Each structure stands twice: as C-alpha cells, then as structure tokens.
Amino acid sequence: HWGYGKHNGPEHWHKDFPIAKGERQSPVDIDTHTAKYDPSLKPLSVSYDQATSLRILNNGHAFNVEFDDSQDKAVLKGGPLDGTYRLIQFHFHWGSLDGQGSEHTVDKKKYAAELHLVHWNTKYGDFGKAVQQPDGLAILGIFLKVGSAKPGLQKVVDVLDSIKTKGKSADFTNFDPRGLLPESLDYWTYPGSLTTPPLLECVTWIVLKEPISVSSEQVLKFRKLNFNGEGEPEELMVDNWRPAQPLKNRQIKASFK
Ligand SMILES: [Zn+2]
C-alpha cells in the first residue's frame, strides 16, 4: 500500500522495503561542479528504429508505455554500459506545479517532470531476473521543462483520457520514442536503484543534461490522471516523484567537459 500520499509516501517506504535506506538509492541530486568528466565513457548508442510499442497502462502510480521486448528491437548500448539493454517501458514522474516533479535534481533544481526509459540487460534473459543483478537495468532519464510543446509527446497525451484510472490500459502501437529525445546525448551516470518499490539496487542511471520542452497544456493533461480506480474518490495523479536520496559512497561521472 505504498504511494505518494500524505500517509504512504516516500518517507514511509522503508518499513516495507528496508533498502529504501540502502547504499545506492535513487534519485540523487546531481552536483554539476563535482561530477567529473570521464574521458573513458563512450557515446551512448540509443537504437530505437525498430521499437514496437504495444500498450499504455495506468498502474496507479504512473502510466507505462510498454514495448515488445521479446527481441532486440529497441536497445541501449555504449556509454557506461557493458553489453545490450532492451527497452521494456517508459513512464514519467511529474508535479502538481511546474516548479516540481522531477526525481533527479541538478544543483538542487527540480524540473517539471522526468521521463524514464527502462531497459534490461539481455545477459539476464528477461526483466524479473535482471532486477536481481547490480547491472540488471539501464534507465535513461530525461528532464522536462514547460515551454514549447513536444510534438512527439502529443499522441501520449491524447490517449490519457482513456486510461484515467488505475488498472485501465489501451492499445498503443506504433509510437516512436525517438520523438521524446533532446537534441544532445550528453549525460551524467551513476549506480543506483529503482525509484519505486521494491527500490532494488539494480540500475545504471544515465541522466541526459539537455531537457526536453513540453507545453503547459501537455503537462496539465498528465495532471488529470487519477491514482484511484474507477468509481473511487478522485485523487489526482500528481507529485508521483521520490525526492533525492543520500549519495553515500558514489561518484557521478559526466560524459562531457
Ligand atoms: Zn521512474
């Protein structure tokens, strides 16, 4: 019964998920001055040409755009990564107001939202096994700020009325996630965790520096979703972000000077 409410939110999660207080929890604040350029890092390789979106699901905490991950069709490689990681889903975290919503922060700055493209390491054969490994997942994080519209986001926004409440899904084929990427692939990277229960410490985080712009109207539509199920009291799905966690014995590396 974890969530983001007044009485089941992030500060409570440790009771059911004690790793919430672990050594490699996410998100974190990215202190840009102390992140060090690492010339050994390689460009990332984001290969989404063959991606097969299938469905969009309101799971009660966010909405997931789900992919076919039964072959290497949409893969993330390079950067800090050893080997090949399959896109399984993307989702967002966002605020009730434009001044908040991101999970990672940059010199304590909160963005309006944050996109997570979740990929699992093909060495481990599927997702459930991958989350049990320290290098099981690679999550590409992309900040959203409010300004111009993101044209490539609009098809997502327009389907949200059909998945207003927890447990609703809709067909969502032929969506191209390349339309959610910023211009630059410059990034920060560090070892961390899932940001939702079970908070497993299985993620190589790759957080892009360049945000994407979305319009006020687009984020407003995110904020019309519901945490609740159909026929239940309405609870707007807003502020579904975990705050920054202690960095502990980690270094954040930059791909760029
Ligand atoms: Zn996330």
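Sequence positions, counted from 1, serve as the residue numbers for this chain. Only this structure's heavy atoms are used, side chains among them; waters, hydrogens and symmetry mates stay out.
Classification of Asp176 and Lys155 as a salt-bridged pair fails, no side-chain N sitting under 4.0 Å from a carboxylate O.
Nearest heavy atoms, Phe143 versus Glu114: CE2-OE1, 3.6 Å. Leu185 approaches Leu208 most closely through the heavy-atom pair O-CD2, 3.8 Å. Here the shortest heavy-atom pairing between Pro10 and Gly3 reads CD-O, 4.0 Å. The shortest heavy-atom contact between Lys110 and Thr105 is CG-CG2, 3.8 Å.
At a threshold of 4.5 Å between non-hydrogen side-chain atoms, the residues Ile252 and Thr189 do not count as touching. In this structure, the side chains of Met237 and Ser96 stay at 4.5 Å or more apart for every pair of heavy atoms. Within the 4.5 Å cutoff, side-chain heavy atoms of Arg55 are placed close to those of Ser169. Using a 4.5 Å cut-off on side-chain heavy atoms (C-beta onward), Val65 and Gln89 make no contact. By the 4.5 Å heavy-atom criterion applied to side chains, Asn240 and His61 are not counted as neighbours. Contact annotation: the side chain of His119 approaches that of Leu140 to within less than 4.5 Å [non-hydrogen atoms, C-beta and beyond]. The closest side-chain heavy-atom distance from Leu76 to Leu87 is not below 4.5 Å. You'll find the side chain of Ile163 stays beyond 4.5 Å of the side chain of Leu57, heavy atoms only.
Looking at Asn58, its side chain does come within 3.5 Å of a backbone N or O of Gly60 through a donor-acceptor pair. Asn121 places no side-chain N or O within 3.5 Å of a backbone atom of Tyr124 that could act as its donor or acceptor partner. Counting only distance, with no hydrogens or angles, the side chain of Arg24 and the backbone of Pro134 share a donor-acceptor pair below 3.5 Å. Distance alone, capped at 3.5 Å, is enough to place a donor-acceptor pair between the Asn228 side chain and the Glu235 backbone. Formation of a donor-acceptor pair under 3.5 Å by the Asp16 side chain with backbone atoms of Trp13 is not found in this model. Although no hydrogens or angles enter the test, the distance criterion places no donor-acceptor pair under 3.5 Å between the side chain of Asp161 and the main chain of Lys164. With hydrogens and angles disregarded, a donor-acceptor distance shorter than 3.5 Å links the side chain of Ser53 to the backbone of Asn174. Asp68 contributes a side-chain N or O that, together with a main-chain N or O of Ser70, makes up a donor-acceptor pair within less than 3.5 Å. Within the 3.5 Å criterion, the main-chain N or O of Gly95 finds a donor-acceptor partner in the side chain of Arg223.
Results of the ring pair (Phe, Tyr, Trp, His ring centres under 6.0 Å) test with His104 over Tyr190, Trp188, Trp241, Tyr187 single out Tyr190 as the only residue that passes.
Pairs engaging residues 194-212 under the side-chain hydrogen bond (donor to acceptor under 3.5 Å, both in side chains) rule: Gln25-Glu201, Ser26-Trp205, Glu103-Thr195 [sequence neighbours left out]. The side-chain hydrogen bond (donor to acceptor under 3.5 Å, both in side chains) contacts involving residues 244-257 comprise nothing, where partners must be two or more places apart or lie in separate chains.
No close placement of the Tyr37 and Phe256 rings is indicated, their centers lying 6.0 Å or farther apart.
For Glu232, the CD atom counts as densely surrounded, since its 6.0 Å shell holds more than 12 non-hydrogen atoms of other residues, nucleotides or ligands.
Put simply, OG1 on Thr52 and CZ on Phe67 are 8.5 Å apart, with the number rounded to the nearest 0.5 Å. Between the NE2 atom of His93 and the CG atom of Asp239 there is a distance of 12.5 Å, given to the nearest 0.5 Å. With rounding to the nearest 0.5 angstrom, the OG1 atom of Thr122 is 11.0 Å from the CG atom of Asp69. Atom NE2 of residue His7 and atom CD of residue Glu11 lie 9.5 Å apart, to the nearest 0.5 angstrom. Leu200 CG to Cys202 SG: the interatomic distance, rounded to the nearest 0.5 Å, is 5.5 Å.
Defined by atom type and a distance below 3.5 Å, a donor-acceptor pair is missing between the side-chain atoms of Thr173 and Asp171.
In this structure, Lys109 forms a cation-pi arrangement with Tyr111, its terminal cationic atom sitting closer than 6.0 Å to the ring centre and no more than 45° off the ring axis.
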Residues 214-221 side chain polar contacts: donor-acceptor under 3.5 Å, at least two apart:
unit_1	atom_1	unit_2	atom_2	d
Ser215	OG	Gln218	N	3.1
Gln218	OE1	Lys150	N	3.0
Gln218	OE1	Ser215	N	3.0
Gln218	NE2	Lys150	O	3.0
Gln218	NE2	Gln154	OE1	3.0

For a side chain to side chain contact (heavy atoms under 4.5 Å, CB included) check, start with the C-alpha distance between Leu117 and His91, then their side-chain angles and the critical distance, and finish with the verdict.
CA-CA 7 Å; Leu117 296 125; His91 62 273; over 6 Å; no
I would like to know whether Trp94 and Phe63 meet ring-ring contact (aromatic ring centres under 6.0 Å, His included); could you show each step before the answer?
CA-CA 11 Å; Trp94 62 91; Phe63 61 86; 5.8 Å; yes
Might you work through the side chain to side chain contact (heavy atoms under 4.5 Å, CB included) test for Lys123 and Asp82, ending with a clear yes or no?
CA-CA 10 Å; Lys123 77 192 293 184; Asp82 279 343; over 6 Å; no
Set out, in order, the CA-CA distance, both residues' side-chain angles and the distance that settles side chain to side chain contact (heavy atoms under 4.5 Å, CB included) for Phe127 and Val118, then state yes or no.
CA-CA 10 Å; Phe127 177 86; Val118 180; 4.2 Å; yes
ring-ring contact (aromatic ring centres under 6.0 Å, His included) between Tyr48 and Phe175, worked out:
CA-CA 11 Å; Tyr48 291 168; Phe175 179 79; over 10 Å; no
